[PDB]
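Remarks on the structure that follows.
Both counts, for ligands and for their atoms, begin at 1 and track the order of listing. Positions are given from 1, in the same order as the sequence printed here.
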Amino acid sequence: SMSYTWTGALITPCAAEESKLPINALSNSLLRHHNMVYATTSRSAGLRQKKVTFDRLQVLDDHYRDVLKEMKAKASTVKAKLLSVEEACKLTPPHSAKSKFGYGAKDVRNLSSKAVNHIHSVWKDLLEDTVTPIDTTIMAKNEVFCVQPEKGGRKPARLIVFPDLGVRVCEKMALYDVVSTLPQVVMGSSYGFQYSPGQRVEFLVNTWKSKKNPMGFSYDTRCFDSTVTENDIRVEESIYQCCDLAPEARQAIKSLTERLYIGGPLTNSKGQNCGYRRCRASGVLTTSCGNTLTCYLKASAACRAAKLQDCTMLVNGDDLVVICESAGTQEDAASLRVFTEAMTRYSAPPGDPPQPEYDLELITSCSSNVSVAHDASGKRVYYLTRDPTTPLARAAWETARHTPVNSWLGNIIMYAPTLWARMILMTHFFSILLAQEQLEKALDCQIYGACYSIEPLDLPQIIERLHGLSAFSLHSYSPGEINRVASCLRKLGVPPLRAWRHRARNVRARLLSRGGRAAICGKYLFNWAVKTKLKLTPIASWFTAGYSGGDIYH
Ligand SMILES: *[C@H](/C(C)=C/c1ccccc1)[C@H]1SC(=S)N(NS(=O)(=O)c2ccccc2)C1=O
């Protein structure tokens with residue numbers, strides 16, 4: 001069936017959309033080429049609609065059925081419970097999209113009688129009606145990127161589809177415990193959201209070292225959400241139903257699946273009918289869990305079809321990486337074409353064809369690649385990094401414009417061991433926080449899809465836990481990494497790393513002169529900036545599951 005059917009009505013914005021980086025002294029000091037930074041808007045929605053709209057002709061075989069049978073067996077050992085309205089309300093983000101029935105996120109969090117009444121009303125309706133399609137709102141996402149001349153064009157806006165606030169609260173009650181506990185049990189070590197950054201790089205390295213003749217490859221599915229069929233979503237439900245569940249939970253899950261997840265009508269911000277969806281909605285609670293389960297199922301089946309030896313997969317929604325035993329270059333290449341053929345039959349063709357890689361560092365999965373550096377003692381340390389272009393473009397944007405999004409803090413947290421996050425991001429932002437006396441201001445930031453409120457002053461502690469103490473002592477970065485960073489800075493017009501060392505020394509001194517956590521930040525985060533090193537001793541729920549698009553607040 002067609003992933004989407006459109007009426008003609010346009011995907012419209014709900015408010016003014018900023019698209020260009022303003023000339024701002026603060027952002028200019030970080031990146032001079034402001035014209036290269038842009039934010040996607042609803043104006044490119046049509047280009048995205050065109051790409052995500054196509055016919056899926058899914059054909060399933062025995063390998064697929066065998067894997068599914070094995071997954072359900074594991075799911076049978078899981079027990080999940082319903083969440084109380086109170087529990088679901090507390091998981092709702094403070095600035096979550098308000099309901100169309102006279103109440104908003106604040107009313108929900110506060111448990112206002114009106115919000116609570118509508119929620120119960122929606123829940124009861126889910127139990128009584130398991131057929132009538134639930135309405136959803138389709139919008140174009142506003143995300144920031146840097147122009148890529150080689151790509152021959154700007155990135156079109158991504159589309160987000162989500163149901164009313166009342167429905168989202170019900171989703172939580174019916175499936176939050178399921179999507180938070182089931183994945184790990186069914187996919188074991190392959191489930192990527194159970195790992196902190198340090199555990200992830202450890203799993204990748206250990207997995208690679210466990211093979212005799214290692215070969216790995218990432219598989220990029222073209223428009224994954226669009227490739228997810230009604231049957232995929234129903235197979236997903238059958239997996240949830242294998243759990244030990246409460247009677248109305250089963251009914252709620254059946255109802256949500258039939259009325260929302262398998263598809264439904266699309267409505268723009270103006271209230272007009274844009275069409276119908278028959279694929280995955282990017283903006284529901286089960287998006288992450290469902291995509292991960294589906295990707296895992298198809299990929300596992302495809303590994304068997306391709307006859308790959310001693311395969312180990314790591315999955316995070318639609319992001320997939322496989323590490324196995326090589327059979328030779330010509331044979332590996334042929335095996336991958338077979339793997340791709342199977343995925344295509346399962347309704348999951350590739351964007352870029354997968355390529356066998358024989359060097360772990362050359363594999364990009366979850367937009368990251370493993371790299372190596374050395375700690376104070378010269379000991380080899382593996383860590384995850386990535387081209388810093390997008391992070392820096394977003395950092396410049398967030399410096400110039402008041403955005404409720406703080407991707408820069410997420411980047412420092414997740415990529416703390418990198419030379420770019422340490423020398424550039426930490427330096428630039430702590431300088432700003434000092435000038436504005438905002439060191440104590442808590443900022444919201446997404447981690448594995450969930451929203452957390454984080455204090456920048458708690459970074460040292462957070463980093464030690466997520467990466468280990470070595471994150472504050474890494475040096476002797478690989479030639480490849482150093483070159484990628486340097487090339488990125490030239491492209492964006494970002495001051496060279498040496499210019500950052502000077503700034504960091506000044507910032508470090510200012511932090512040390514301040515009290516408590518501030519001095520700890522100066523000592524641990526900027527020890528790299530001084531020759532006379534200080535002694536870095538141990539400083540005196542984030543990685544359990546994925547929730548991208550799930551409207552979750554922790
Ligand atoms: C990829 C991913 C899991 C990246 C990763 C993990 C650990 C260390 C470094 C990178 C996808 S899946 C997902 S949800 N992501 N958002 S995140 O919150 O995990 C994140 C935020 C900022 C920087 C890296 C990851 C991913 O990025």
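For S548, the closest heavy-atom approach to ligand 1 falls below 4.0 Å. Using a 4.0 Å cutoff on heavy atoms, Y547 does not count as a contact of ligand 1. Contact annotation: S367 has no heavy atom less than 4.0 Å from any atom of ligand 1.
Contacts between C366 and ligand 1 below 4.0 angstrom, taking non-hydrogen atoms only, involve backbone and side chain alike.
Near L384, the atoms of ligand 1 lying under 4.0 angstrom from a non-hydrogen atom of the residue are 8 (C). Every atom of ligand 1 with a heavy atom of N411 under 4.0 Å away is listed here by number and element: 22 (C), 23 (C). The distance from ligand 1 to the heavy atoms of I447 drops below 4.0 Å at these ligand atoms: 18 (O).
The option from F543, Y415, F193, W542 that lies nearest to atom 24 (C) of ligand 1, judged by heavy atoms, is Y415.
Salt bridge absent: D375 and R380 never bring a charged side-chain N and a carboxylate O closer than 4.0 Å. Using a 4.0 Å cut-off between charged nitrogen and carboxylate oxygen, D551 and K172 count as a salt-bridge pair. We find that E481 and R484 are joined by a salt bridge, their nearest charged nitrogen and carboxylate oxygen being less than 4.0 Å apart.
Checking atom 12 (S) of ligand 1 against the protein gives a heavy-atom contact under 4.0 Å. At a distance under 4.0 Å, no protein heavy atom can be found next to atom 15 (N) of ligand 1.
At least one N or O atom of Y448, backbone or side chain, sits closer than 3.5 Å to an N or O atom of ligand 1.
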